[PDB]
Structures are given as structure tokens and as C-alpha cells.
Ligand SMILES: [Mn+2]
């Protein structure tokens, strides 16, 4: 508790806010109640959003430096902290704070500063949907986060693609999210096409976590009657062959899922 | 039925620009447009997209009259959501005004930018007009005061006026006054800006600006401990016959300028 209070308090005057963001960002894992402390502290959340908003112009044209990205990501780590705490989770959603991260998620630059910015931003969202609250899914649906996730799964770093897919997975898990993605052949096909190319490169450049999420997504889509029908024709061969046999020999969960997916298709 | 139609067309970039234009001019004629717009986070998100699509126009500064007028139409809609008593609170909990801070931070003097900044301050001014404690508590944790102080001395007539009005409503609130006097730094910078203002106001006068300026000094004179500082920094033009002409019409402003002198007398 020692320095935690002082640092939190120091997040005020921009003269000592940088050190506080850093010191706090690292001690986060420890202090289990940091989230409510951050949230309930006067002007602290605003200070964090201030950090986010300050770099909006450097995001496009893409001139964000490593230093800018690191400091803002410190703030984002504290927001992720606030996003997954049971006592602050729901209010975090009321504040529509995730809407402050979307411009970050829209960037496409490849430099590490941007990739780190996007990965950390995705971490906040992933922690938001970790508990399946109906309201968070409906929030993400209506704010158009899906297309942002799709592009990233489609051309981001392996790390970022994993979290983006996990987010799409959570959205798909809920009945509303599943029905929304399958409402038109075009929206389903867009998602299926992306998961498709993911299943092709993953077969030559393996990735356990990513492969696990891609399988869950496909499995979940097989719950919708029309997507199931479509998948009867468009489910990539690599998911039916034995191509993933070896790598799955250790991940019993995902293997069980792929078996269920193949079972669901056809009749 | 057309209001509902356009509102729905905002959530489609294909039909948004048109909807913004229609809903903006139709603003004054639709009572609860705010609750209608806020009825769906989707609508708000779309309105914020318009604001976000403008950040790329900052450094290098390339904002065009067309881009400015378009986003400002979106600001007009955010402003009415900021005014309505049914939505003003949710608007604040989402820190929506912060999306406008990058705009308020620009310094380009081209009309596209000046107008963007004027319109943005207008969103803030509509917040403080409500006279909510909720609003002042929000702004104090945002850095709006420094942003307003810069414009108060470098902006155009209209901008300087809206910026000074915002500070005025902040100072008028007890906590706002206390906040500003809480430190030498804060008070000193405010005192300095008001100073440069009355100076360039003597030459090239402005009835509206002066009233807001005078009102800020009067309210500052409400804090006992500040009075000594106030006595020492008060510009001559406020103590002499200047403005006496300009103030022939302002019975209110001179009545205020009178109370100011009286508060500072030892
Ligand atoms: Mn559900």
C-alpha cells in the first residue's frame, strides 16, 4: 500500500504523472484492488483518458513514437485493470471508455509502436468480455467493433490476431452476437473468409492459442443453421484432413472442439 | 417520421453526411432530439466517428471549410445531447467532451480551424449553462481551463468570448473559485491572461468580451486572500476613464466594475 496511494495521487500534475503511470503499471498484478482505487480516485480516470486523447493526432498520419506508445500503453494497462475488476467492470462500460480505444484499433501501421498500441488496446477489450455480460456484447456490437477485429485478425501480429479472435469468439458465444454475425450471407462470409485464410497460414506457421480460438469460432458458427449449411461447403479442408493432427495431440480441449465441429456439419 | 429516418441513417457512412446536415438544422425544432440520439450507443459512436475522422487533419493542419462544416454539424448534435437534462449526465460519464480536446489544442488561424475551435467551445459552454455541480466537477479534472486561457488571448473575437465565458461560469461556482485560488500557479496564470486581455481590449474594444473579463475579476475578488494579489495586478484601464465610454451602455458591467473596485479597497 506504501507507494500505491502516493503514485495514484501523483497521476494529477503532469509533472509527476509519467513516473506514476509506469510505477503503477508494473505493480498492477499485485495490488488486487487497484481498479476500484483507480476508479474511485478523484480525477484519476480522467487523467488516464487525457493520456489517450493526447496522442490522437500522432495516430494518423502515423507518426507515433516508441516513447509515446509506451506511456499511453501504461495508461491503457491501468484501464484494462479497471475493465476486468468485478467492482468496476459495469461502470467502466457505462462510461463507454472502450470508445476511446477505437481510433487506436483502426490504425494499420506496422511499426512496433503501433503494433504495441493495438495489442494493449485489444487487451482492454478482451478483459471487458472475459465475463460474458450481455450488455458488453451488445455494446461491442452496436459500436462496430467487429470490423476492427476482423481487419486485425486479417493483417495484424500473431499476438494481436489472437486477442482479436478471442474477442470475436466471445461475441459469437452469446446468442445475440452469433445471430448478428450470421444475419446476412455477406457478414458471415466475411468472417468465414478471414477465419479461412487464418486456417491456411496456421497450417504452415502453427500457433496453439490462435488455432484454439479459430476452432471455437468455427464450432460456434456451426450452431447457426445457415452458417452450418454454408460451412458444409466452405469449411477449409485442413480442418477435416489430419493436417492439424500432431499439434492438437496435446491440446485435448481444442481437439474435442474440432471433433464436435465436424460432427455438427453434414448429417 | 423523417427525424427517426435520418437518425437511423447516421449509422451508415453512406447516408451519414446527409443525416448530419438535416438533423443539425432541424435541431431547434425537435425537443427531445438528445434522448432520441442517445437512445442507441450506436448513434453516439457514429457521431464520434465524425469527430475522429478529423484528427488526421491536425498536423500538418489541412482542415478544409468542407471538413470543418461537416464535423461541426456533428458537434451541434453532440451539443444538444450535452444540454438536455435527460442525457447531460450520461454524456459526462462517458467523458465525451474529451474527444474535442485535440481540436481545442490546435493553433492554426485558418478559418476552418478557428470555426472548429469556436464550435467545440460551444459544446463546453452549453454544459456550463446548465448550472450543474456535476459539470464543474467534470471540467476541473479535465484541463479545460488551460485550453480556454490560451484561446482567450490568441483566438478571434467570438472564440475569446466563449472561452472567457466558460472560465466565468467555472469561477462563479464556489468549488471553481476555490480551485483556481488553490495554488499560486493557477491563480497567477488566470490573473495574467485577464491582464493581457483588458490591454488589447482598450485598443480594439469589444462590449461582450469586456463584460466577461470584468465579471471574472469581480468573482475572483470574492476570495478574501486573493484580494492583495488582485490589488497589485489590476490594470489601470479598469481603474481609469477608459471603457467609461465603451460602458455607456453597460449599466451591468459598470455596476460590476464598481463592486470590483469596492472589494479591493483596503
Ligand atoms: Mn445472450
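Protein chains in written order, with my numbering: chain W, 139 to 405; chain F, 40 to 305.
Ideal Cβ positions, reconstructed from N, Cα and C, are used throughout, including at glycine.
Secondary structure of residue i, DSSP reduced to three states
{"i": "residue 193(W)", "result": "coil"}
{"i": "residue 285(W)", "result": "helix"}
{"i": "residue 52(F)", "result": "helix"}
{"i": "residue 200(W)", "result": "strand"}
{"i": "residue 320(W)", "result": "coil"}
{"i": "residue 283(F)", "result": "coil"}
{"i": "residue 69(F)", "result": "coil"}
{"i": "residue 235(F)", "result": "helix"}
{"i": "residue 78(F)", "result": "coil"}
{"i": "residue 296(W)", "result": "helix"}
{"i": "residue 139(W)", "result": "coil"}
{"i": "residue 313(W)", "result": "helix"}
{"i": "residue 228(F)", "result": "helix"}
{"i": "residue 61(F)", "result": "helix"}
{"i": "residue 261(F)", "result": "coil"}
{"i": "residue 251(F)", "result": "helix"}
{"i": "residue 388(W)", "result": "coil"}
{"i": "residue 404(W)", "result": "coil"}
{"i": "residue 343(W)", "result": "coil"}
{"i": "residue 308(W)", "result": "helix"}
{"i": "residue 269(F)", "result": "helix"}
{"i": "residue 293(F)", "result": "helix"}
{"i": "residue 105(F)", "result": "helix"}
{"i": "residue 180(F)", "result": "coil"}
C-beta neighbour in chain W for residue i, strict 8 Å
{"i": "residue 174(F)", "result": "no"}
{"i": "residue 95(F)", "result": "yes"}
{"i": "residue 302(F)", "result": "no"}
{"i": "residue 91(F)", "result": "yes"}
Cutoff 8 Å: residue i Cβ touching any chain F Cβ
{"i": "residue 173(W)", "result": "no"}
{"i": "residue 234(W)", "result": "yes"}
{"i": "residue 198(W)", "result": "yes"}
Cutoff 8 Å; reference residue i; Cβ partners in own chain excluding five residues on either side
{"i": "residue 276(F)", "result": "237, 238, 240, 241 and 282"}
{"i": "residue 94(F)", "result": "141"}
{"i": "residue 203(W)", "result": "196 and 251"}
{"i": "residue 358(W)", "result": "307, 310, 311 and 316"}
Chain C within 8 Å of residue i, Cβ atoms only
{"i": "residue 153(W)", "result": "Absent from the structure: chain C. Protein chains present are W and F."}
Sequence-distant residues of the same chain with beta carbon closer than 6 Å to residue i, five excluded per side
{"i": "residue 200(F)", "result": "247 and 248"}
{"i": "residue 155(W)", "result": "149"}
{"i": "residue 230(F)", "result": "272"}
{"i": "residue 245(W)", "result": "197 and 252"}
{"i": "residue 378(W)", "result": "none"}
{"i": "residue 190(F)", "result": "198 and 202"}
{"i": "residue 312(W)", "result": "275"}
{"i": "residue 315(W)", "result": "275 and 309"}
{"i": "residue 220(W)", "result": "173, 176, 177, 226 and 230"}
{"i": "residue 247(W)", "result": "200"}
{"i": "residue 107(F)", "result": "151, 154 and 155"}
Close Cβ partners of residue i (< 7 Å) along its chain, the five nearest in sequence each way excluded
{"i": "residue 245(F)", "result": "196"}
{"i": "residue 163(F)", "result": "136, 183 and 205"}
{"i": "residue 260(F)", "result": "266, 269, 299, 302 and 303"}
beta-carbon residue i near ligand 3 non-hydrogen atom, thresh 7 Å
{"i": "residue 280(W)", "result": "Only ligand 1 can be found as ligands here, which leaves ligand 3 out of the picture."}
- If you measure beta-carbon to beta-carbon, which residues of the region 75-89 of chain F are closer than 7 Å to chain W? 79, 80, 81, 84 and 87
- Query: Quick one, which residues of the region 112-127 of chain F are near chain W if we go by CB-CB under 7 Å, in chain order?
  - Reply: none
- Message: Give the list of continuous alpha helix (DSSP H) stretches no shorter than 4 residues that lie fully inside the region 126-177 of chain F.
- Response: 127-132, 140-144 and 150-168
- Task: Could you list the residues in the region 162-188 of chain F with a C-beta less than 7 Å from some C-beta on chain W, going in chain order?
- Result: 180, 181 and 182
- Query: Going along the region 237-250 of chain W in order, which residues come within less than 7 Å of chain F, judged by CB to CB distance?
  - Reply: 237 and 241
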